[PDB]
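Here the structure comes first, spelled out in structure tokens, and everything after it is commentary.
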Protein chains: 4
Amino acid sequence: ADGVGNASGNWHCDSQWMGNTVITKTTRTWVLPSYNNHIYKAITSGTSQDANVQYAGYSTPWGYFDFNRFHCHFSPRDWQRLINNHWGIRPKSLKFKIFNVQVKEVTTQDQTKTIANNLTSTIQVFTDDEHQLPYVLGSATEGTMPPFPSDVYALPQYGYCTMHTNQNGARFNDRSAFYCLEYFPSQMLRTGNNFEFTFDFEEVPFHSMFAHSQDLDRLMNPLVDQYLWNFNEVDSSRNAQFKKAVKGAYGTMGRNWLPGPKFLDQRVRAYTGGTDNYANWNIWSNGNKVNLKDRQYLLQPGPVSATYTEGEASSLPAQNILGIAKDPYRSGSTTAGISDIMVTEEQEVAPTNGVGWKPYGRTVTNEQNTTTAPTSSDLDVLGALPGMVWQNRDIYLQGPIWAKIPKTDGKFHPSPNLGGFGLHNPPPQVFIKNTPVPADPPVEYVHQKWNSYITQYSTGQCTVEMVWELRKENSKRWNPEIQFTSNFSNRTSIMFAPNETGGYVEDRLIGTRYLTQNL
Amino acid sequence: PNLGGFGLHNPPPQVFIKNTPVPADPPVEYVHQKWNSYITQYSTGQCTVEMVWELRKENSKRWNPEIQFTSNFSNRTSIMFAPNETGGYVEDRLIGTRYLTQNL
Amino acid sequence: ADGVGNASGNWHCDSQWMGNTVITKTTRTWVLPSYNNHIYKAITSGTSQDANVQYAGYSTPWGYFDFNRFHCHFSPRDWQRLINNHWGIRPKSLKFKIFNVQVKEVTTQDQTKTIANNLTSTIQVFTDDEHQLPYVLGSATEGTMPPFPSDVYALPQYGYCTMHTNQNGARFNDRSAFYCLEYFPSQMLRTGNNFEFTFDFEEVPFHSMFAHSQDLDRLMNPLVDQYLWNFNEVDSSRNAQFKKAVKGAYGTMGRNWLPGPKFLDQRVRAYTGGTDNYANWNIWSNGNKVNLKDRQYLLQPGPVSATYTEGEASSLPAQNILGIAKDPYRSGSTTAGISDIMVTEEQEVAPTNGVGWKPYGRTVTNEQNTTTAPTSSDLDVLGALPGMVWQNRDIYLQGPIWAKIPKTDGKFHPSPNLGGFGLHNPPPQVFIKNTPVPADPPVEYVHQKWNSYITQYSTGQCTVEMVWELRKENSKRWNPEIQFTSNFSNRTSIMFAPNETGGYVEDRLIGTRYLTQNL
Amino acid sequence: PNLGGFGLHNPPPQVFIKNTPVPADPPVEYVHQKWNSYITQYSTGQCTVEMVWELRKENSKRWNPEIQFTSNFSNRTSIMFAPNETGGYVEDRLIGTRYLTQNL
């Protein structure tokens, strides 16, 4: 294909806007180590007796590419052009390349590393097109490409969980599956070789890049009464009374449509002002949980809900938020306060979704009679009922693009709770390993497992090219709308740029919902 | 369906069968009454049911062996899923379909 | 196909001799009962604790046709034309018909049976072409067609043995297979319907219809010496001496060929004269046995051996014989003497096979030296060695035609020990049942197994047409040969004919080996 | 073969591989001697083996279920027929071919 002295690819980063489509291209330099030192390891939770944290699986010698966050594909300026001018976006097609491969050997002598080119060494690359391997993308995990184009990123090690059991610690059982990645055809690359593949997204709904400019309970003409007559009260004579729904009677009016279903969330005050928190409680005791088998885990974030009520504006739904550290590299060994963490604000869905820590509503709790007074209480958690409408969670420049829909007999509204595009056929996983280069063999043959290798690592460039379909904003609104703008003011470095020491700084989460549209 | 199986808007049609009434001896002099007199009839025959089933082939890269349904009944006085000494057909074990595994 | 008042077939019995082939046709009337009363029964050896007699299997409602004896297809006169004029025979093709079917119902009232035609009732018939059912033909069991054409024969009930285990009696295990014969496509016949199928035999060796006129040790010219010099003796001086094999030295001559391999058999005197028997011993204690799993059983009859030495002519090899009762219907509840039993005489194979109760020969038992004298003993039992030649067992007018070769990785000379033609693909089994006719059902539906049936039985005619390939006798022998002839003399009924009460009498076994041929 | 497998008059050919000797520095003045001086070499690479196997399909009228090879290993600290914690590949069970049954 190509020799030692020719480049096998070129650098491509741009965004192209044509018609109803935008094409993003981005190139990175990647680094791949040799993971596990060329073996598979059965990994578990060990002696841990807590069923909730138990797991069983395998770490592999293979690495992988994760481009599943938007800021991989969009500059902040391009994200601005997207969210200010368009009502919708969905992924269409994908092209991925690996080129300019460099395999290097590391030799240590007397605490002295020397790095040299190994020109005859290979890397192996394959994509899993039929989704025959455990799919670890779409879990919102690190190891994604860094947003900034000149940043290098080490490829994460591939591993997976498989079925486990609880007896005196995690154990594999008969349903536990092992996957050898060397049991798949992969092409081998020396420095001259390159790799590419293409992918087409299935048809999915456009993400809704707008906020509603109307509330689900305001849909009627304010100037006219309804012709409906609703039950009002029972008179002292015990006879039922009916009241006409009249203009301004909004509490009593009959409606065709209901807010979407929701869990109840606990409210926390994350910002200055408003109703203050109770002290010394953790979400693990008091939060929403999911029972699965013998295990519990916190239900986070669940379907999206409105973030706050006005006047309570500093409060958050505890578990309904996506937190992201302002410093991507901040260590998770210690907790952080609100000042260190970017938290998503879902207020755009307030017209249809209801606020997270508000109950869905009230429910009648009894059947009344002459001697039984009517009673009612809160409806905290409610499933789907005919007439409900809701919005999905917003997508963020720093958030995940897609998630793989689990393969199941049934689903309800398969929109991922973390946000993004639910896909029956997500983009295939791209696996990469350094081909093992054995060390010096013994002169006299011995029967043993081969543990001796030359230390290798590889580096190169990768281009990701995505095509995005757009819905144009079409609106007769007379007055100006809300736009995302730079209101950062005076700074010691440019926002969404490198700082003095070269660290890339994105301290603000950016959603898509700025333009408005009627219900 | 909660009991399991395939929910169908248009299920296989119901097949109805009756023995045609064969009236008994009528009265020589006509009388106006409902006719209750019949010759006792019954019928027998054979019926074939032919069904076509569409299958999805197992496609898996799993390295290790999987779970299979097998005969582990051991030593018995009659064959399992067979007739016994008096000819009664014996199926004492429920058998589901879920043995092969697949990732989520 | 046909109505109530038309015959669906005609009677065919003849033998046609054309060229190198003979075609036999024969027709019988058959009777089929309803076996088991329309159920399958799991059958075992019961509480029997003797491992040797244990079994497990199933009896079926089905019957079957067994034509696997020669006297089904050959009249005694045709058998005579065969054995006097031909050197060989093998089966070529087969045609079988069932026609003129009559299904009848039996009604018992007050110990009075009435039989009536049931015109709408059916029988079911199928052949197992792919040999997917346990093959019970070729075991030399009763239920074959009777030799005589006007005799009716009830069809035997079909059953089979399947794998069993020994624990506290016979048990089925996981390798035990059940076969539902209603799980096979079968055509259903009313009185107008008929059935047929054709079959082709695979190429097999011609049976050898001749006896050798030479002995395996006489093959040389008596007028000339050999040029071979054989070790003779060791002189008193300890030096070896060599002797020339000279004309008349037959004991000392070198030969190219060896008699066939054999088991040693015990001799019994079955006829008047010769060396008399020891008293009060049974073959079960003293005979040849086979160990199979935890079981023993008598090795009978094993490969064929010569029946006797001259001067011992009244003796038999105990287990190497085929006995057949002169009265086919004699009950097996009591033992019989030689006068009641026809016993095969294999003397034609004496040139190559050696006599059953004679050892194969002598063997040197030691390595001699100056202080060790040579020793030798009998070689009783010997397997196959390069240079052995042998004859198979003869076929008899009253004996089996074929046997199914077991399906195995390996075989040695797959000629059946009972005689006949070993076949990888034997003629298919023909299964027949009376279709169950249910009795009066209950007016009010009840959930129960249906045990109520109308008693049915069926009868009809069946034609078997076989084509046989022949080898013509070609011989330059000047003097007359041995022929099979009628030397019965004066009798109260014709031999191979009915007697005064109509019983068909064949009291003499007839082999095929009369013509002679050189080795 | 007594050890099992397929006896072949013409078995697959033996594949021989050597590292070509690379001689070391020769003497400037020619000497007559056997050459014992070499540069230490070893080689590595990849090899693919592709075999085609002919099969006979199971054809059986047996009504009851048969014996199948299945995973009945139960709970383990590593997957059976997989690597363990230290990466060693573990096959602790011999597996024959004879599970399906057939009449004699």
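The chains in the structure tokens are called A, B, ... from first to last as shown; in each chain the residues are counted from 1, and the ligands are counted from 1 in the order shown.
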- Among range 169-387 of chain A, which ones does DSSP place in helix (DSSP H, G or I), written as JSON, numbers by chain? {"A": [181, 182, 183, 250, 251, 252, 283, 284, 285, 286, 338, 339, 340, 347, 348, 349, 350, 351, 352, 353]}
Those residues with C-alpha atoms, as a PDB file, in the first residue's frame please?
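Result saved to result.pdb:
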```
ATOM      1  CA  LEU A 181     -11.223 -10.609  20.012  1.00  0.00           C
ATOM      2  CA  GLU A 182      -8.532 -12.531  18.086  1.00  0.00           C
ATOM      3  CA  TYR A 183     -11.441 -14.814  16.996  1.00  0.00           C
ATOM      4  CA  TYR A 250     -57.791  27.881  33.731  1.00  0.00           C
ATOM      5  CA  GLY A 251     -57.755  25.694  36.830  1.00  0.00           C
ATOM      6  CA  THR A 252     -61.178  24.225  36.021  1.00  0.00           C
ATOM      7  CA  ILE A 283     -28.814  10.183  48.247  1.00  0.00           C
ATOM      8  CA  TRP A 284     -27.990   6.514  48.737  1.00  0.00           C
ATOM      9  CA  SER A 285     -30.327   6.288  51.709  1.00  0.00           C
ATOM     10  CA  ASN A 286     -33.032   8.662  50.527  1.00  0.00           C
ATOM     11  CA  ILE A 338     -21.469  23.109  42.793  1.00  0.00           C
ATOM     12  CA  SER A 339     -18.649  25.480  41.876  1.00  0.00           C
ATOM     13  CA  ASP A 340     -16.572  22.598  40.526  1.00  0.00           C
ATOM     14  CA  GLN A 347     -36.167  24.287  32.282  1.00  0.00           C
ATOM     15  CA  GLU A 348     -37.003  24.233  28.569  1.00  0.00           C
ATOM     16  CA  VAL A 349     -39.170  21.148  29.118  1.00  0.00           C
ATOM     17  CA  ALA A 350     -41.167  22.827  31.877  1.00  0.00           C
ATOM     18  CA  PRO A 351     -44.188  23.401  29.581  1.00  0.00           C
ATOM     19  CA  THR A 352     -44.858  19.675  29.171  1.00  0.00           C
ATOM     20  CA  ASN A 353     -42.825  17.753  31.732  1.00  0.00           C
TER      21      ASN A 353
END
```
Kindly provide the residues of chain D that approach chain C to within 8 Å, each paired with its closest atom pair and their distance in Å to one decimal, based on only C-alpha atoms, listed by chain and increasing number, as CSV.
```
residue,atom,partner,partner_atom,distance
D:60,CA,C:132,CA,6.4
D:61,CA,C:132,CA,6.1
D:62,CA,C:179,CA,5.4
D:63,CA,C:179,CA,5.6
D:64,CA,C:178,CA,6.1
D:66,CA,C:175,CA,7.1
D:67,CA,C:174,CA,6.8
D:101,CA,C:175,CA,6.7
D:103,CA,C:134,CA,6.1
D:104,CA,C:406,CA,5.2
```
- Counting only C-alpha atoms, chain D residues within 10 Å of chain B, as number ranges by chain: D: 63-72, 79-82, 91, 99
- Task: Have a look at CA of residue 155 in chain A and CA of residue 97 in chain A and let me know their distance in Å, one decimal.
- Result: 14.9 Å
Go through range 374-396 of chain A residue by residue and, counting only C-alpha atoms, keep those with an atom at most 9 Å from range 416-425 of chain A; for each kept residue give the shortest atom pair and its distance in Å to one decimal, ordered by chain and increasing number, as CSV.
```
residue,atom,partner,partner_atom,distance
A:392,CA,A:419,CA,7.2
A:393,CA,A:419,CA,5.1
A:394,CA,A:419,CA,6.1
A:395,CA,A:420,CA,5.8
A:396,CA,A:419,CA,8.5
```
- Task: Could you give me, as number ranges by chain, the residues within 7 Å of residue 138 in chain A, counting only C-alpha atoms and dropping anything in the same chain fewer than 2 positions from it?
- Result: A: 136, 140, 402-404
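Going from CA of residue 185 in chain A over to CA of residue 449 in chain A, you cover 23.9 Å.
Within 9 Å of residue 37 in chain C, once only C-alpha atoms are used and residues closer than 6 positions along the same chain are dropped, the contacting residues are residues 61, 436, 451, 453 and 455 of chain C.
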Output file for the residues above (N, CA, C and O atoms, as a PDB file, in the first residue's frame):
```
ATOM      1  N   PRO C  61     -48.594 -50.699  18.268  1.00  0.00           N
ATOM      2  CA  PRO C  61     -49.833 -51.165  17.639  1.00  0.00           C
ATOM      3  C   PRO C  61     -49.654 -51.699  16.226  1.00  0.00           C
ATOM      4  O   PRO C  61     -50.592 -52.287  15.686  1.00  0.00           O
ATOM      5  N   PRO C 436     -57.275 -46.936  14.095  1.00  0.00           N
ATOM      6  CA  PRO C 436     -58.243 -46.981  15.192  1.00  0.00           C
ATOM      7  C   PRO C 436     -59.561 -46.347  14.790  1.00  0.00           C
ATOM      8  O   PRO C 436     -59.600 -45.245  14.244  1.00  0.00           O
ATOM      9  N   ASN C 451     -59.937 -44.307  25.561  1.00  0.00           N
ATOM     10  CA  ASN C 451     -59.679 -45.741  25.540  1.00  0.00           C
ATOM     11  C   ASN C 451     -60.727 -46.562  24.785  1.00  0.00           C
ATOM     12  O   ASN C 451     -60.632 -47.787  24.772  1.00  0.00           O
ATOM     13  N   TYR C 453     -62.750 -48.094  21.675  1.00  0.00           N
ATOM     14  CA  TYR C 453     -62.571 -48.385  20.264  1.00  0.00           C
ATOM     15  C   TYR C 453     -63.510 -49.491  19.821  1.00  0.00           C
ATOM     16  O   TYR C 453     -63.947 -50.326  20.612  1.00  0.00           O
ATOM     17  N   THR C 455     -63.727 -52.883  17.772  1.00  0.00           N
ATOM     18  CA  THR C 455     -62.768 -53.931  17.465  1.00  0.00           C
ATOM     19  C   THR C 455     -62.679 -54.154  15.962  1.00  0.00           C
ATOM     20  O   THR C 455     -63.677 -54.447  15.305  1.00  0.00           O
TER      21      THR C 455
END
```
- Would you list the contacts of residue 345 in chain A as a ChimeraX atom specification, taking every protein, DNA or RNA residue within 8 Å and counting only C-alpha atoms, but skipping same-chain residues closer than 2 positions in sequence? /A:306-307,321,343,347
Using C-alpha atoms, can you write the selected residues to a file as a CSV table (one decimal), in the first residue's frame?
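Result file follows (part26.csv):
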```csv
chain,number,residue,atom,x,y,z
A,306,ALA,CA,-38.2,20.3,34.6
A,307,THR,CA,-35.4,21.5,36.8
A,321,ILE,CA,-29.3,16.1,36.5
A,343,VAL,CA,-25.1,20.8,36.1
A,347,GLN,CA,-36.2,24.3,32.3
```
- Task: Run DSSP on the backbone and give me the residues of chain B it puts in strand (DSSP E or B), as a PyMOL selection string.
- Result: chain B and resi 23+38+76+82-83+89-90
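For the set C:209, C:219, C:152, C:515, the residue with the smallest atom-to-atom gap to residue 90 in chain C is C:209, counting only C-alpha atoms.
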- Message: List as a ChimeraX atom specification the protein and nucleic acid residues near range 13-17 of chain C, meaning an atom at most 10 Å away when only C-alpha atoms are counted, but skip any in the same chain fewer than 3 places from it.
- Response: /C:20-28,73-75,78,81-82,149,463-468,470
Residue neighbourhood range 20-29 of chain B, 7 Å, only C-alpha atoms, exclusion window fewer than 3 positions, as a PDB file with C-alpha atoms, in the first residue's frame:
```
ATOM      1  CA  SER B  37     -86.730 -37.018  17.531  1.00  0.00           C
ATOM      2  CA  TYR B  38     -83.303 -37.929  16.178  1.00  0.00           C
ATOM      3  CA  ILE B  39     -81.154 -40.911  15.352  1.00  0.00           C
TER       4      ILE B  39
END
```
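Atom pair CA of residue 376 in chain A / CA of residue 363 in chain A has a distance of 5.4 Å (rounded to one decimal).
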